[PDB]
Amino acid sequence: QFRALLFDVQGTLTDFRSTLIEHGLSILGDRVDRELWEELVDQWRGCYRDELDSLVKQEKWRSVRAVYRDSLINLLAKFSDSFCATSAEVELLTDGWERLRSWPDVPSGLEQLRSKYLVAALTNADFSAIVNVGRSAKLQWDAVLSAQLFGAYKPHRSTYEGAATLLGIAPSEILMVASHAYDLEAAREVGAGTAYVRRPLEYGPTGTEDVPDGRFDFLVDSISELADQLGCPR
C-alpha cells in the first residue's frame, strides 16, 4: 500500500511539445514556418536535457528557467539566418515552458486518485514554473516539490529521499509516476513503487521506450487507468 503518488510533470502529465510549438508560432508569426519551429523545439528540449545531465554528474543545480533561456539564445545564434528574436521575445518564448497544457483527462485522473492517496509533483522545473504549470495544465496538488528545494535534479537520489522526508513517509510508501523509465528506476533504487504512463505523442508523431509488462509495478495509458487499477472509485 502506498500513501502518496509522486508525479513527474513535463511529458508525463503535459504535452510540452504541442504547447511550445503553438506558443512559439503565436509569438513569432510568419518569421518562422511550423516545420522550422518544430525542429527548434525538439533541439531546445535536447539542449535542456543535455545540460541537466551534465549538472547532475557535477552534483550542481541551476535555475531551469536560465537553462531554457541560455539554450534558446544559443539556438537563436545557430538559426540566425532564418529568423531573429528580441531579448523581450526570448523571455516570452522561454515562458512557454511554464504554460504547459495537460494531456486530456489528466485533471480528472488526478482528482480520482485523491480519494485514496496524497498526490504531489516532483519536477526538475523551478518551483515558480511548476506553480504556473498548475494553472495552465489545471493540476491540483496536495504538495508541489521541485529540484530547487533539494539543490539537485532527478535522478539524484536526494530528490526522492528529500520528497519522502518532507512528506513524512517511507520511500517504499511512495508510488512514482512517470513516462520516462530513468525516473522510475531512480525512485525504485530508494524503494519507491513504479507506474509507467505511455505517452506515444510526447515527442511528436515519431515512432518509444521498451517497456514490457512487469518491468514496472504498473503500466498504463492514462492516469485515470492507474486510478482504476489502484481501486479509486469513479
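A residue's number is simply how far along the shown sequence it sits, counting from 1.
Checked against the record, the higher mean CA B factor of 188-196 and 23-31 lies with 23-31. The question of which stretch, 88-96 or 119-127, has the higher mean Cα B factor is settled in favour of 88-96.
Sorting 177, 181, 52, 167 by the CA temperature factor given in the entry leaves 52 at the top. Highest C-alpha temperature factor among 82, 140, 136, 148, as the PDB entry reports it: 82. In the PDB entry, a CA B factor belonging to the lowest third of its chain's modelled residues is recorded for residue 6. Per-chain ranking of the deposited C-alpha B factor places residue 74 in the highest third. Among all modelled residues in this chain, the alpha-carbon of residue 217 has a temperature factor (C-alpha) in the lowest third.
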